[PDB]
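Shown next, in structure tokens, is the structure this report addresses.
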Protein chains: 6
Amino acid sequence: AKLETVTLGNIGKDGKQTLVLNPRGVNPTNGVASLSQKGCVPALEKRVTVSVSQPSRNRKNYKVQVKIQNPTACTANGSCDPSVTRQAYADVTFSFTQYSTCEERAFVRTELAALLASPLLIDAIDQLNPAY
Amino acid sequence: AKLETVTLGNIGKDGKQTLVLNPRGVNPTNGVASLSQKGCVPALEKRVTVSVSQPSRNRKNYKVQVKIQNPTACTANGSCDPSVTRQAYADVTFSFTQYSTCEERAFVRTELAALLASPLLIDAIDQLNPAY
Amino acid sequence: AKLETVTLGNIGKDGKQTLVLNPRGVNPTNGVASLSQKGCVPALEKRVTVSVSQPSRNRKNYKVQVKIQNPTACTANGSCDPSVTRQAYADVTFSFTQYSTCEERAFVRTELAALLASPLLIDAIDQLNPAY
Amino acid sequence: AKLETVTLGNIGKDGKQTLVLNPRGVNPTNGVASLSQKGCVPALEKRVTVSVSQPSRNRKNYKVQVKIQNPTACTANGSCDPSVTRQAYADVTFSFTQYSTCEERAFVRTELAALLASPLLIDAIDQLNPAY
Amino acid sequence: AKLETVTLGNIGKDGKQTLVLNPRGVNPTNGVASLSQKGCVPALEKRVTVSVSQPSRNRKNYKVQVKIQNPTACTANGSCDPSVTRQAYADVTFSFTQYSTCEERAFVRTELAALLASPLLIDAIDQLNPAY
Amino acid sequence: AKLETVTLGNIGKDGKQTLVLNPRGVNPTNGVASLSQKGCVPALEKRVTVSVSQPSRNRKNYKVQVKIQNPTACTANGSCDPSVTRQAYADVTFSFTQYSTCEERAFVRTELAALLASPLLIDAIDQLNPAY
């Protein structure tokens with residue numbers, strides 16, 4: 001769809017933070033759609049990735065792979081220019097047979113989107129308690 | 001977390017569907033929290049798996065990996081019982097540094113959620129139209 | 001130019017059918033413009049692909065390659081969801097020296113166009129009789 | 001499939017030029033048809049070869065192939081007779097199975113017909129602008 | 001961004017010269033754009049492409065590469081049509097750290113541009129002269 | 001020619017910035033000049049060199065190479081004295097045939113200079129953006 005300024009809202013632990021993204025160049029070599037929170041320095045803005053890929057000789061089914069990468073900056077700590085101390089990744093790769101329906105896919109798209117709102121996934125991420 | 005029956009509503013391209021998930025067993029051996037729908041016949045229940053893997057004795061970062069596996073039965077296959085003509089995977093794998101805050105994780109949590117409802121991911125999943 | 005919903009009119013043996021295609025991204029790994037009949041389930045819709053290529057190491061002349069495939073469905077069987085029983089590849093690869101004129105190429109373009117309607121090609125494409 | 005004086009009309013970008021072709025025999029060991037512009041000198045005349053191929057045992061499918069060859073020349077270069085300076089290949093090959101209907105084939109023929117007159121194809125052939 | 005026509009003005013040795021540029025897609029199977037003065041003769045077009053290279057962990061550096069490829073024709077030469085007799089290239093590579101600022105870069109952009117107008121580079125590019 | 005002070009003016013993102021350059025001999029054991037803003041601290045000087053390479057029968061092409069090397073300081077950093085934290089390069093190579101004309105070259109000189117002021121290269125160098 002239209003490579004557009006994405007405006008993600010009602011997010012964060014409280015559901016009250018927002019994020020504006022800017023379509024930073026389709027392709028870069030490998031058909032990976034990139035975005036970022038526009039900023040001066042690059043290695044400080046958070047990024048995303050969308051990468052649709054059709055079935056190959058070796059690979060037979062469709063694969064939609066979305067990546068998220070958020071860093072963590074550290075300012076005037078002796079130097080003058082900020083620096084990074086950790087990049088909190090996030091990665092999801094879907095998979096769909098050639099014979100899937102639009103209702104069959106949007107199911108997974110929304111089943112996960114609502115799953116991240118479960119009282120299990122939150123405690124299994126926000127606190128990293130496993131499953132019991 | 002509280003591994004009770006997990007409900008998931010307002011899902012699908014319709015947005016007016018709902019899914020039940022019953023706590024069908026934890027650790028097979030991999031720490032895999034395994035879930036399923038109300039199912040008498042196994043190979044037809046839609047499943048999810050949630051995994052918290054502590055830093056090993058060789059790798060440092062955490063890994064929260066959730067997987068989703070939904071089938072598609074063929075009931076009127078002529079023969080007794082139905083059969084599955086296609087699965088439809090989904091694999092999200094997180095990464096966090098030992099110095100991540102819950103607010104740094106829960107951010108990454110909510111970002112992906114609202115992202116799955118974004119107009120681009122819809123066309124990139126429900127329709128498989130890539131970086132247009 | 002603009003990769004838009006290219007309507008395709010007056011086609012078929014009766015010339016009274018009509019195909020409609022839609023933009024479906026590009027560059028999976030080789031810069032292929034991809035068009036498709038808009039159907040919900042993939043491997044059931046008639047695709048069209050087109051590619052341009054500036055000449056390179058071995059390739060010393062510009063090449064344009066259009067590929068056409070139309071699947072054939074089959075309602076049922078001893079199963080439910082429709083199945084594909086036979087494809088129908090159509091492959092045309094142009095070639096021009098680094099010196100051709102837009103009057104030189106458009107000749108070959110309109111020529112092969114107007115050629116797919118001669119009694120020879122009609123009787124060798126629809127009925128498949130060699131030329132005697 | 002009578003190999004007579006095949007005549008092509010409304011050709012060229014202006015859609016008003018006209019081309020003749022003449023039965024330059026059949027089967028030069030390769031079982032290919034041959035047509036050539038009204039030329040008493042060979043290499044300076046435009047060719048067209050139409051070939052059908054029954055399904056052997058190295059390939060299960062039929063393959064009708066057409067090979068348009070339009071050479072460009074210039075007389076007042078350095079002699080008293082013209083010399084071919086650049087050609088213009090255009091290879092097209094179809095593929096059908098033993099279970100294709102006549103319309104099933106003619107569809108592909110007529111689909112490619114108006115395709116070569118699309119606004120998309122012309123910009124990528126006459127001016128070589130790829131997918132935009 | 002918006003790959004579009006560039007109206008490059010007040011150029012040449014004097015300054016009354018002016019150039020028109022047009023897009024030629026944006027992929028050419030390696031992330032480079034493709035720009036050319038609208039000449040229907042393909043090799044006679046003055047080329048200009050731009051590329052942006054995400055810092056592949058191969059090497060941790062952003063990289064933007066502009067190349068200019070201008071040919072010279074030979075009207076009569078030998079045959080009717082002209083021929084290229086010498087293409088004068090021009091290649092520009094920039095490198096910026098993952099912590100560069102859009103004022104740090106824009107400086108280098110403007111510095112180089114304003115530098116080509118120096119009497120040194122004029123007497124060093126045009127009449128080809130080192131320094132003393 | 002006369003390796004001397006260059007008063008590079010009206011540069012930077014805005015245009016109020018202005019740079020002073022001074023010679024540093026002309027040999028540095030490889031034909032390149034050496035220019036540096038008169039900073040007594042040696043590594044903190046912004047570098048610029050120019051070279052002219054006679055077409056060694058190794059390869060029959062004249063070649064003029066300009067390189068720009070600008071560093072960024074870190075005042076406090078750790079110790080009393082500052083330290084370089086990232087040098088942003090810039091490298092330009094031209095090539096001309098033994099039959100190029102000083103209007104053919106001066107064109108490429110001015111064309112490149114006037115090109116860096118394009119909105120494309122601005123949005124492609126500064127905010128780092130490919131094209132679409």
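Here, A, B, ... name the chains of the structure tokens in the order displayed, residue numbers run from 1 inside each chain, and ligands are numbered from 1 in the same displayed order.
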
Report task. Select from chain B everything DSSP, run on the backbone, classes as alpha helix (DSSP H), then give the selection as an MDAnalysis selection string. Result -> chainID B and resid 102:116 119:125

Requested in this report: With chain E fixed, least-squares superpose chain B over all its C-alpha atoms paired in order and give the RMSD in Å.
Outcome: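 My reading of the C-alpha RMSD is 0.8 Å.
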
Neighbouring residues of residue 64 in chain D were defined as those with any atom within 8 Å, considering only C-alpha atoms; residues of the same chain fewer than 2 positions away were excluded. Please report them as a compact mmCIF listing (two decimals) with C-alpha atoms, in the first residue's frame.
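Printed below is selection_6.txt as written:
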# COMPACT_ATOMS: atom_id res chain seq x y z
CA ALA C 124 -1.09 -22.33 -34.44
CA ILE C 125 -2.01 -20.93 -30.99
CA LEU C 128 -1.92 -25.76 -32.60
CA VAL D 50 6.77 -19.51 -36.10
CA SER D 51 7.30 -22.94 -34.54
CA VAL D 52 5.10 -25.52 -32.85
CA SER D 53 6.57 -28.40 -30.85
CA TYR D 62 3.52 -28.04 -25.94
CA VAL D 66 7.71 -17.00 -32.39
CA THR D 93 7.48 -18.76 -26.25
CA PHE D 94 4.21 -20.18 -24.93
CA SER D 95 3.51 -23.24 -22.79

Which residues of chain E sit at most 7 Å from chain D, using only C-alpha atoms? Give each one's shortest atom pair and distance in Å (one decimal place), in chain and ascending residue order, as a tab-separated table.
residue	atom	partner	partner_atom	distance
E:24	CA	D:129	CA	5.1
E:25	CA	D:130	CA	5.3
E:40	CA	D:127	CA	6.7
E:78	CA	D:77	CA	4.8
E:79	CA	D:77	CA	3.6
E:80	CA	D:74	CA	5.9

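Note that CA of residue 97 in chain F and CA of residue 13 in chain E are 18.0 Å apart.
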
Query raised in the report: So which residues touch residue 37 in chain A within 7 Å, counting only C-alpha atoms, skipping near sequence neighbours fewer than 4 positions away, as a list in words?
Result: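 The residues that qualify are residues 20, 21, 22, 45 and 46 of chain A.
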
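Distances to residue 92 in chain B were evaluated for B:68, B:123, B:35, B:1 using only C-alpha atoms, and the minimum falls at B:68.
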
Query raised in the report: Any idea what's packed within 6 Å of residue 67 in chain F, counting only C-alpha atoms, ignoring anything in its chain fewer than 4 positions away? Could you give it as a PyMOL selection string?
Result: chain F and resi 48-49+90-92

Requested in this report: Might you pull out every residue within 8 Å of residue 11 in chain C, with only C-alpha atoms counted and same-chain residues fewer than 5 positions away left off, and present them as a ChimeraX atom specification?
Outcome: /C:16-19 /D:107,110-111,113-114

Write a file of the just-selected residues containing N, CA and C atoms, as a tab-separated table (two decimals), in the first residue's frame.
chain	number	residue	atom	x	y	z
C	16	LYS	N	-14.91	-10.49	-26.43
C	16	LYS	CA	-15.96	-9.86	-25.65
C	16	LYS	C	-15.77	-10.04	-24.15
C	17	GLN	N	-14.62	-10.55	-23.72
C	17	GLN	CA	-14.24	-10.61	-22.32
C	17	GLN	C	-13.30	-9.45	-21.99
C	18	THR	N	-12.99	-9.32	-20.70
C	18	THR	CA	-12.21	-8.18	-20.23
C	18	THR	C	-11.46	-8.55	-18.97
C	19	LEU	N	-10.15	-8.30	-18.98
C	19	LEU	CA	-9.28	-8.55	-17.84
C	19	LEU	C	-8.91	-7.22	-17.17
D	107	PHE	N	-7.11	-17.11	-25.15
D	107	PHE	CA	-7.08	-16.12	-24.08
D	107	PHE	C	-5.68	-15.52	-23.94
D	110	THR	N	-4.78	-13.43	-27.01
D	110	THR	CA	-5.45	-12.14	-27.05
D	110	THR	C	-5.13	-11.29	-25.83
D	111	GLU	N	-4.78	-11.91	-24.70
D	111	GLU	CA	-4.34	-11.13	-23.54
D	111	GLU	C	-3.03	-10.41	-23.85
D	113	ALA	N	-2.09	-9.59	-26.80
D	113	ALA	CA	-2.36	-8.66	-27.89
D	113	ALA	C	-2.52	-7.23	-27.37
D	114	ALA	N	-3.63	-6.96	-26.67
D	114	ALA	CA	-3.86	-5.64	-26.11
D	114	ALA	C	-2.81	-5.27	-25.07

Query raised in the report: Could you write out, as an MDAnalysis selection string, all the residues of chain F that DSSP marks as strand (DSSP E or B)?
Result: chainID F and resid 6 11 17 21:23 35:36 47:53 62:72 86:96

Output file for the selection above: N, CA and C atoms, as a compact mmCIF listing (two decimals), in the first residue's frame:
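Below is the file that was written, part.txt:
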# COMPACT_ATOMS: atom_id res chain seq x y z
N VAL F 6 42.09 29.15 -0.18
CA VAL F 6 40.76 29.11 -0.78
C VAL F 6 39.78 29.67 0.24
N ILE F 11 28.50 28.41 2.52
CA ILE F 11 28.36 26.96 2.58
C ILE F 11 27.53 26.58 3.80
N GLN F 17 27.49 29.98 6.74
CA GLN F 17 28.77 29.39 7.12
C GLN F 17 29.82 29.66 6.05
N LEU F 21 40.77 27.89 4.01
CA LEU F 21 41.66 26.78 3.70
C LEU F 21 43.06 27.30 3.38
N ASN F 22 44.06 26.50 3.71
CA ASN F 22 45.46 26.87 3.54
C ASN F 22 46.24 25.69 2.98
N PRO F 23 47.32 25.96 2.25
CA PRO F 23 48.13 24.86 1.69
C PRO F 23 48.95 24.13 2.75
N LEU F 35 45.42 20.45 1.86
CA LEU F 35 44.81 21.67 2.36
C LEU F 35 44.12 21.39 3.68
N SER F 36 44.17 22.38 4.57
CA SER F 36 43.66 22.21 5.92
C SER F 36 43.32 23.57 6.50
N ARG F 47 40.39 18.25 6.27
CA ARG F 47 41.30 18.01 5.15
C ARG F 47 40.57 18.16 3.82
N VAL F 48 41.35 18.55 2.80
CA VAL F 48 40.94 18.56 1.39
C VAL F 48 42.20 18.44 0.54
N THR F 49 42.25 17.46 -0.36
CA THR F 49 43.37 17.32 -1.27
C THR F 49 42.86 17.15 -2.69
N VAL F 50 43.71 17.52 -3.64
CA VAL F 50 43.44 17.37 -5.06
C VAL F 50 44.63 16.66 -5.70
N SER F 51 44.35 15.79 -6.67
CA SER F 51 45.38 15.07 -7.40
C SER F 51 45.08 15.11 -8.89
N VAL F 52 46.15 15.08 -9.69
CA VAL F 52 46.07 14.95 -11.14
C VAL F 52 47.01 13.83 -11.55
N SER F 53 46.49 12.86 -12.31
CA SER F 53 47.22 11.65 -12.64
C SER F 53 47.37 11.54 -14.15
N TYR F 62 43.23 10.03 -18.34
CA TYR F 62 43.48 11.06 -17.35
C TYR F 62 42.53 10.86 -16.17
N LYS F 63 42.94 11.36 -15.01
CA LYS F 63 42.17 11.10 -13.79
C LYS F 63 42.49 12.17 -12.76
N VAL F 64 41.46 12.86 -12.25
CA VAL F 64 41.60 13.90 -11.24
C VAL F 64 40.73 13.52 -10.04
N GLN F 65 41.33 13.47 -8.86
CA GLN F 65 40.69 12.95 -7.65
C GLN F 65 40.72 14.00 -6.55
N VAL F 66 39.54 14.37 -6.06
CA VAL F 66 39.39 15.26 -4.91
C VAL F 66 38.80 14.46 -3.77
N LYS F 67 39.34 14.65 -2.57
CA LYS F 67 38.85 13.98 -1.38
C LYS F 67 38.69 15.01 -0.27
N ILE F 68 37.59 14.90 0.48
CA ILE F 68 37.30 15.78 1.60
C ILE F 68 37.18 14.94 2.86
N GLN F 69 37.86 15.36 3.92
CA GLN F 69 37.98 14.59 5.16
C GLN F 69 37.75 15.56 6.32
N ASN F 70 36.55 15.55 6.88
CA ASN F 70 36.16 16.48 7.93
C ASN F 70 35.88 15.72 9.22
N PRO F 71 36.56 16.05 10.33
CA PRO F 71 36.32 15.32 11.59
C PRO F 71 35.41 16.07 12.54
N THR F 72 34.94 15.38 13.58
CA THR F 72 34.14 15.98 14.63
C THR F 72 34.82 15.76 15.97
N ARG F 86 34.19 10.93 15.09
CA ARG F 86 33.74 10.44 13.79
C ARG F 86 34.18 11.37 12.67
N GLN F 87 34.92 10.83 11.70
CA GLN F 87 35.33 11.58 10.52
C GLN F 87 34.41 11.21 9.37
N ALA F 88 33.74 12.21 8.80
CA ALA F 88 32.84 12.02 7.67
C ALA F 88 33.59 12.35 6.38
N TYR F 89 33.79 11.33 5.55
CA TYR F 89 34.59 11.47 4.33
C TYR F 89 33.78 12.07 3.19
N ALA F 90 34.45 12.17 2.04
CA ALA F 90 33.88 12.64 0.78
C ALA F 90 34.93 12.45 -0.30
N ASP F 91 34.64 11.64 -1.32
CA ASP F 91 35.65 11.29 -2.31
C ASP F 91 35.05 11.44 -3.70
N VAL F 92 35.78 12.10 -4.59
CA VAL F 92 35.31 12.44 -5.93
C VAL F 92 36.39 12.05 -6.93
N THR F 93 36.04 11.18 -7.87
CA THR F 93 36.94 10.80 -8.96
C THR F 93 36.30 11.16 -10.29
N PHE F 94 37.07 11.84 -11.14
CA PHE F 94 36.68 12.11 -12.52
C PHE F 94 37.57 11.32 -13.46
N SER F 95 37.05 11.02 -14.65
CA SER F 95 37.83 10.39 -15.70
C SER F 95 37.50 11.04 -17.03
N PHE F 96 38.53 11.38 -17.80
CA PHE F 96 38.34 11.99 -19.10
C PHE F 96 39.25 11.31 -20.12

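Interatomic distance, CA of residue 115 in chain F against CA of residue 101 in chain F: 20.9 Å.
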
Requested in this report: Calculate how many Å separate CA of residue 38 in chain F from CA of residue 100 in chain E, rounding to one decimal.
Outcome: 23.3 Å
